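Engineer: Okay, handing you the structure first.
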Ligand SMILES: Cc1cc(Oc2ccc(F)cc2OCCn2ccc(=O)[nH]c2=O)c(C)c2cc(C#N)ccc12
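Chains as they are written, first to last, in the entry's author numbering: chain B, 5 to 88, 93 to 212, 232 to 428; chain A, -1 to 63, 71 to 552.
Next up, the structure:
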């Protein structure tokens, strides 16, 4: 009920960001929503004296036909001063199950610092530039802003204090508008406890981290090898040598001696089998000297494998993976690559939030224009990560397959 | 005297760390001075300005051309940034047909709107007296000065705020707001329409806004922003293409712009051969000759711009359809329509700048473009008619390493059709010869070698002058393709060559790559395998091409 003063970083003016085109249904949804929000004092109409603008669009979350308003506060977030810090709950990723809750509605109670309100300006656009866009600014704490949870930290603490004192074995973390709750209970007991916590938040997405780990490099096991088989093996090993020190391929390359047909079967020598075994032993071990640096950016690379399968790696320094995985989940996305990629990015980002408490910068295997055109049509997440586009096909594709 | 409703001012500040402009007043002729005195006298009588005391430090230069002209450039450099919604303008193809339509142009747009009183002291200017034997006559603005940075935005916002209640009370009519103009439209009867227009201009009169009293000064056809607007249709204003035996770069830019402008309704407009001459620009004076391609192109443009073509207006009850055709040389053309032969609008798409490319990608980009444009204009994505088989697109997107998507579309058969020219095997071919290829060049002498050895004993090494490593690595592959059967396995150590071929171009700027493509097209089955170099991989000989 008392506004805390919020400023920007030194030498940084408020965000001015072009609002991108919206379809008619999304525009109408945003009109309805923002009208209802205006009647409740959550936002107010502003004049031309406000130069600043932030993009805004509409989505539909899981199991809901109701449109939701989403603001791309990325630029405002990076231009907002750093808020200080709560050490990341490293035990959250070690819990059996974690449930994500939407605590966004709680932000609209707390008023936003007046002097700062002009920086949260956004515009509902019109079709064919018929009429000027509707301009609003936030009066309360906006969802998607990084300052909103930082301001609501104390409040959230005071609210969750009884539940925390009740169940010390339950880990509670908060990121943006989402609240992560981890434990080791049963799915039924989990759901009932979640109903309990939700009702506890009322009067005031099952995710199992244990079913996800890192992944090793495996080599084929064959009775008979072809020249092609051995060539691919040598390729993959030569690649993996950039990661694991003791990999050697000279005794396998010795088999390829002479020019033979790719489908011709070559029996392995004892030296070759020995070398392959040693390489296996080497690969079974983890990677040497791999640490996480909180002062460095997280990078996520995603490769399309085909047939709904996608692989990914989160790292900081090249060949030093902090996490590897393979999203192959199929829901309604069968004919649409972009939907698959969007859901993949969302899942990976979520995992990243759970593990490190921050989002990674993505490197997407898609053309900029395609992604920029379609990614908002499948985006159910309240946050947004950063991304770039790789236009050159990677050779390592089948090496993660 | 009926009270006119008060118009609340918009608070305005100068940019942070800056102060109001102080500029030396220019010397004027006695005639100019008298003229300015009379003008500013009547303006002061009208309340647009007011005399100020010596206290005001700030001053702005004024000129006479009689009509006065206050140069606010410095104040504009010192005034705060404003929100401009004027980015983009309404496109005629996006308008919905109305039975009755009215155009109202408000007189004294900026002078009808009051200015923030705390800012008026920054708009101060002086009039030089005769012979300067008396202190110059001092003035400040009380309303929005024309030529000021903040005038359009504030005027627009005020107008919107005024128009909102009338619009809310009149869902049966639609009002478009653009600068100093309002465009009302309705499907009502002409009498009811004229009546509601009278109501509207009355409602504007309540706030002190003047509209044309007579029969509205503009009636169809409307000439607006390069467009011609007719009751049942729209088109562009007639095209003007200069003809001269000597062309400059600026003339090329103007011609290109004009053709681009004409291309939104005239289908088949091409501009590549004329845009290629815009390499090495920034020099506006030059003489650039035209090729036969460019001349035949411009003649084709004069052929298309021979007879007028009209677009229609938008009907929300009917589907939105975009059809695309390939024009060649990276050029694409499209038509957006709802009823056959009756276009809403047309357009073109030129491929981006790249070393390699294929038709499917370009088509995809075109689709994205048309999609975004459509969403801007009609607020929806159209259904597509594409010159590509469903099975082709299937194979492409399923085997493409990148993620890709096209919205709802159907195959129209209007050649040339976009096709996949070659497809590599996912597995080594049984019974097919195996060509281990390699190429290597000397960095200094630019001398290289490229060739292959095969499992059947077939060998070749070719010596090359003026070449690089990458060129020899490509050349070796090309040699393997030339001297092999309809089916072939190829082994290379070139991540470069494999990188190029795995992008599946059907066309390239490198002749060698194009020849490799032409070779692939002739093949039945091609398996391209990769191996690491210098690993002592048998059959892969760096030592053969390094001699
Ligand atoms: C951008 C626009 C809309 C408009 O009119 C419309 C205004 C509001 C609407 F809802 C729908 C309109 O038009 C639908 C299409 N149309 C058009 C012209 C006509 O004669 N009849 C007709 O049906 C009019 C006159 C305009 C006049 C000028 C000028 N000068 C510049 C822009 C105009």
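Here a beta-carbon is modelled for each residue, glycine too, at the ideal position from N, C-alpha and C.
Taking 8 Å as the cut-off, does the CB of residue 64 of chain A come closer than this to any heavy atom belonging to ligand 1?
Structural biologist: Here residue 64 of chain A is not present, the numbering of chain A passing from 63 to 71 in one jump.
Engineer: Give, in chain order, every unbroken run of the beta strand (DSSP E) that is at least 3 residues long and sits entirely within the stretch 148 to 185 of chain B.
Structural biologist: 179 to 183
Engineer: Would you please state the rounded distance, in angstroms, between the beta carbons of residue 412 of chain A and residue 376 of chain A? I believe it to be under 8 Å.
Structural biologist: By one-based count along the second chain, residue 412 of chain A stands at place 407. By one-based count along the second chain, residue 376 of chain A stands at place 371. Confirmed, about 6 Å.
Engineer: Within 9 Å of any Cβ in chain B, is that where the Cβ of residue 181 of chain A sits?
Structural biologist: On the second chain, residue 181 of chain A is found 176 positions in, with the first residue counted as 1. Taking 9 Å as the CB threshold, residue 181 of chain A lines the interface with chain B.
Engineer: For the stretch 328 to 338 of chain A and the stretch 77 to 88 of chain A, state whether three or more C-beta atom pairs, one from each stretch, are separated by less than 8 Å.
Structural biologist: no
Engineer: Go ahead and pull the three-state DSSP assignment for residue 287 of chain A.
Structural biologist: For the purposes of this step, residue 287 of chain A is taken as residue 282 along the second chain, with counting starting at 1. If DSSP states are grouped into helix, strand and coil, residue 287 of chain A belongs with coil.
Engineer: Are at least three pairs of beta-carbons, each pair with one atom in the stretch 292 to 309 of chain A and one in the stretch 352 to 369 of chain A, less than 8 Å apart?
Structural biologist: no
Engineer: Could you tell me how far apart the beta carbons of residue 182 of chain A and residue 400 of chain B are, in whole angstroms, since I believe they sit closer than 8 Å?
Structural biologist: Numbered from 1 along the second chain, position 177 holds the residue referred to as residue 182 of chain A. Numbered from 1 along the first chain, position 373 holds the residue referred to as residue 400 of chain B. Not a contact, Cβ separation roughly 29 Å.
Engineer: What does the alpha-carbon distance come out to for the pair residue 226 of chain A and residue 316 of chain A?
Structural biologist: Translated into positions along the second chain, residue 226 of chain A becomes position 221. Translated into positions along the second chain, residue 316 of chain A becomes position 311. Distance between the alpha carbons of residue 226 of chain A and residue 316 of chain A is about 14 Å.
Engineer: Taking its Cβ as the centre, do 16 or more other Cβ atoms sit within 10 Å of residue -1 of chain A, making it buried, or is it exposed?
Structural biologist: The sequence position of residue -1 of chain A within the second chain is 1, counting from 1. By the neighbour-count rule (16 or more Cβ atoms within 10 Å), residue -1 of chain A is not buried but exposed.
Engineer: Would you call residue 157 of chain B buried or exposed, if buried means 16 or more other Cβ atoms sit within 10 Å of its Cβ?
Structural biologist: Taking the first residue of the first chain as 1, we reach residue 157 of chain B at position 149. By the 16-neighbour rule on beta-carbons within 10 angstroms, residue 157 of chain B is buried.
Engineer: Looking at the strands, I want to know which residues DSSP matches up with residue 443 of chain A.
Structural biologist: What you label residue 443 of chain A is simply residue 438 of the second chain in a count that begins at 1. According to DSSP, which records beta bridges pairwise, residue 443 of chain A is partnered with A:456.
Engineer: By alpha-carbon positions, which one of A:449, A:427 and A:383 ends up nearest to residue 101 of chain A?
Structural biologist: Taking the second chain and counting its residues from 1, one reaches residue 101 of chain A at position 96. The shortest C-alpha separation from residue 101 of chain A is found at A:383.
Engineer: Please classify residue 284 of chain B as buried or exposed, where buried requires at least 16 other C-beta atoms within 10 Å of its C-beta.
Structural biologist: Position 257 of the first chain, counting from 1, holds the residue named residue 284 of chain B. When all chains shown are included, residue 284 of chain B counts as exposed.
Engineer: Going by C-alpha to C-alpha distance, which of B:382, B:175, B:122 and B:58 sits closest to residue 5 of chain B?
Structural biologist: Stepping through the first chain from its first residue, residue 5 of chain B is reached at position 1. Nearest of B:382, B:175, B:122 and B:58 to residue 5 of chain B, Cα basis: B:122.
Engineer: Taking 9 Å as the CB-CB limit, is residue 88 of chain A close to chain B?
Structural biologist: On the second chain, position 83 is the one that residue 88 of chain A refers to. So, interface residue.
Engineer: Quick one: list the residues of chain A neighbouring residue 394 of chain B, beta-carbon separation under 9 Å, in chain order.
Structural biologist: Position 367 of the first chain, counting from 1, holds the residue named residue 394 of chain B. Below the 9 Å Cβ cutoff, chain A contributes 366, 369, 370, 373, 407, 408 and 409 as neighbours of residue 394 of chain B, in chain order.
Engineer: Just the C-alpha distance for residue 193 of chain A and residue 310 of chain A, rounded to the nearest angstrom, thanks.
Structural biologist: Working through the second chain from its first residue, we reach residue 193 of chain A at position 188. Working through the second chain from its first residue, we reach residue 310 of chain A at position 305. For residue 193 of chain A and residue 310 of chain A, the distance between alpha carbons rounds to 37 Å.
Engineer: By the 8 Å beta-carbon criterion, what residues does the stretch 274 to 296 of chain B contribute toward chain A?
Structural biologist: 276, 277, 280, 281, 282, 283, 284, 285, 286, 287, 288, 289, 290 and 291
Engineer: Between the C-alpha atoms of residue 44 of chain B and residue 56 of chain A, what's the straight-line distance to the nearest angstrom?
Structural biologist: Numbered from 1 along the first chain, position 40 holds the residue referred to as residue 44 of chain B. Numbered from 1 along the second chain, position 58 holds the residue referred to as residue 56 of chain A. Going from the Cα of residue 44 of chain B to the Cα of residue 56 of chain A covers about 44 Å.
Engineer: Using the rule of at least 16 other Cβ atoms within 10 Å of the residue's Cβ for burial, across every protein chain shown, is residue 312 of chain B buried or exposed?
Structural biologist: Translated into positions along the first chain, residue 312 of chain B becomes position 285. Burial call: exposed.
Engineer: Hey, would you say residue 231 of chain B sits closer than 9 Å to residue 325 of chain B, going by beta carbons?
Structural biologist: Because chain B is numbered 212 and then 232 with no intervening positions, residue 231 of chain B cannot be located in this model.
Engineer: Return the CA-CA distance between residue 72 of chain A and residue 176 of chain A, expressed in angstroms with no decimal places.
Structural biologist: Here the question's residue 72 of chain A lines up with position 67 in the second chain. Here the question's residue 176 of chain A lines up with position 171 in the second chain. About 42 Å.
Engineer: Count the other C-beta atoms from every protein chain shown that fall within 10 angstroms of the C-beta of residue 96 of chain A, then say buried if there are 16 or more, exposed otherwise.
Structural biologist: On the second chain, position 91 is the one that residue 96 of chain A refers to. Per the 10 Å Cβ criterion, buried.
Engineer: Taking the alpha helix (DSSP H) that residue 171 of chain A belongs to, which residues open and close that run?
Structural biologist: Taking the second chain and counting its residues from 1, the one referred to as residue 171 of chain A is at position 166. Where residue 171 of chain A is concerned, the enclosing alpha helix (DSSP H) stretches over 156 to 173.
Engineer: Which residues, taken in chain order from the stretch 525 to 540 of chain A, show a beta carbon closer than 7 Å to some beta carbon of chain B?
Structural biologist: 534, 535, 536, 537 and 540
Engineer: For residue 525 of chain A and residue 531 of chain A, I'd like the C-alpha separation in whole angstroms.
Structural biologist: As a first step, residue 525 of chain A must be located in the second chain, where it is residue number 520. As a first step, residue 531 of chain A must be located in the second chain, where it is residue number 526. Going from the Cα of residue 525 of chain A to the Cα of residue 531 of chain A covers about 8 Å.
Engineer: Taking residue 534 of chain A as the reference, which of B:364, B:195 and B:289 has the closest Cα?
Structural biologist: Along the second chain, one-based indexing puts residue 534 of chain A at 529. Of the listed residues, the one whose Cα sits closest to residue 534 of chain A is B:289.
Engineer: Taking residue 197 of chain A as part of the alpha helix (DSSP H), name the residues at either end of that continuous run.
Structural biologist: Position 192 of the second chain, counting from 1, holds the residue named residue 197 of chain A. 195 to 211 is the extent of the alpha helix (DSSP H) around residue 197 of chain A.
Engineer: Do we get a CB-CB distance below 9 Å when we pair residue 81 of chain B with the residues of chain A?
Structural biologist: Here residue 81 of chain B refers to the residue found at position 77 of the first chain. False, the Cβ-Cβ gap to chain A never drops below 9 Å.
Engineer: For the putative contact between residue 518 of chain A and residue 481 of chain A, defined by C-beta atoms under 8 Å, what is the C-beta separation to the nearest angstrom?
Structural biologist: The sequence position of residue 518 of chain A within the second chain is 513, counting from 1. The sequence position of residue 481 of chain A within the second chain is 476, counting from 1. Contact doesn't hold; Cβ gap of about 13 Å is too wide.
Engineer: Can you look up residue 91 of chain B in the DSSP assignment and give me helix, strand or coil?
Structural biologist: The model of chain B omits the segment between 88 and 93, and residue 91 of chain B is among the residues lacking coordinates.
Engineer: Please list the terminal residues of the continuous beta strand (DSSP E) segment that includes residue 128 of chain A.
Structural biologist: Here residue 128 of chain A corresponds to residue number 123 of the second chain, with the count starting at 1. Taken as a continuous stretch (DSSP letters only), residue 128 of chain A belongs to no beta strand (DSSP E), as it is neither H nor E.
Engineer: Pull out every residue of the stretch 51 to 71 of chain B whose Cβ sits closer than 9 Å to any Cβ of chain A, in chain order.
Structural biologist: Per Cβ criterion, the list reads 51, 52, 53, 54, 55, 56 and 57.
Engineer: Which stretch, first to last residue, makes up the alpha helix (DSSP H) that contains residue 371 of chain A?
Structural biologist: For this step, residue 371 of chain A is matched to residue 366 along the second chain. Element bounds for residue 371 of chain A: 364 to 382.
Engineer: Hey, residue 187 of chain B and residue 105 of chain B are a contact pair by Cβ (cut 8 Å); roughly how many whole angstroms apart?
Structural biologist: Against the first chain, residue 187 of chain B aligns to sequence position 179. Against the first chain, residue 105 of chain B aligns to sequence position 97. That belief does not hold up - the Cβ atoms of residue 187 of chain B and residue 105 of chain B are roughly 15 Å apart, past 8 Å.
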